[PDB]
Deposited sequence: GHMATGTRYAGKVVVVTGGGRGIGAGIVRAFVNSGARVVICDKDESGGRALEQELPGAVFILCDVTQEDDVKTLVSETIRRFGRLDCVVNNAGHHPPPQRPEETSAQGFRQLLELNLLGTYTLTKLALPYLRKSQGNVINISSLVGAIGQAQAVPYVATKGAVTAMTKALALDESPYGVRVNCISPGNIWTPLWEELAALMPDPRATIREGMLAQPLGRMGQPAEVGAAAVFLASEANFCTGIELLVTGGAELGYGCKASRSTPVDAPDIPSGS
């Protein structure tokens, strides 16, 4: 309850799923948390539920929303120590020829540029606090995924951008790290599975993609984020995998001709 006491954290997309788990983990560590989300429903309830968390409506694709997010965080709490860029989206499965440049641009706006924009506006305050940035990327940025060319590209960009910024901000004492989750059971996962011909089979396949035989939880991503913020002072530019071992070994991906 004291690992991150006295600290102020902003979590984007904090109203449900992984983001809500991260919010909860930081509140439990003693921090004050600003929940950012484009939708009011989940985050407003989370603000009522958690002493030490407040909700600010903010679409991270809208630069003036993000400017107000940062200025309101400072006005209300007087410092900023950690930014968790969690807001993002995975479209339904799309064959490459079914994608469009414009859809790709829109997904880049959320998954990549929204992270870039908040980080930029927050860095002056993070320098004052020797704070840190945590980006929520994805395992599939590293290893690929089927029927997800735009999504995979955005997460490859987030992971690489994390390393670049880590280099640039290291002289100023600001660490920049990312978490690459694998299959985490969230409302996004449940929504995507419901789109498939056999949602139960899709979910079972999702569980069995991990050697641990289950999907991960938001709380587990949250514990990884609290570690990076509060106890990883010699870590910068790392990609912390929270995947249950999905990247390990051979599996079903499809004699020598």
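If you line the structure up with the deposited chain, the stretches without a C-alpha atom are 1 to 5, 260 to 267, 271 to 274.
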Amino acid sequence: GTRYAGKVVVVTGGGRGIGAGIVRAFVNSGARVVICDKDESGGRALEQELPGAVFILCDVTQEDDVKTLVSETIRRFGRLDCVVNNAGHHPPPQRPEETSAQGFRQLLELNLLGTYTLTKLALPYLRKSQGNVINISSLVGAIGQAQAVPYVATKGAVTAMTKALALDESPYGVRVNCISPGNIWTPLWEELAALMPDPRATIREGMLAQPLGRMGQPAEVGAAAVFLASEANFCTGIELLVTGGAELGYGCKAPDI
From here on, numbers count along this sequence of modelled residues.
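Taking the PDB entry as given, 92 to 100 carries the higher mean Cα B factor of the two stretches 92 to 100 and 72 to 80. Relative to its counterpart among 245 to 253 and 6 to 14, 245 to 253 has the higher mean temperature factor, C-alpha atoms as listed in the PDB entry. Residue set 231, 64, 47, 220: peak C-alpha B-factor at 64 (per PDB entry).
For the set 188, 35, 225, 60, the PDB entry assigns the largest Cα B-factor to 35. Among all modelled residues in its chain, residue 107 ranks in the middle third by Cα B-factor.
Annotation for residue 179: CA B-factor lies in the lowest third of the chain's modelled residues. Residue 171: CA B factor lies in the highest third for its chain, per the PDB record. For residue 146, the recorded CA temperature factor ranks within the highest third of the chain's modelled residues.
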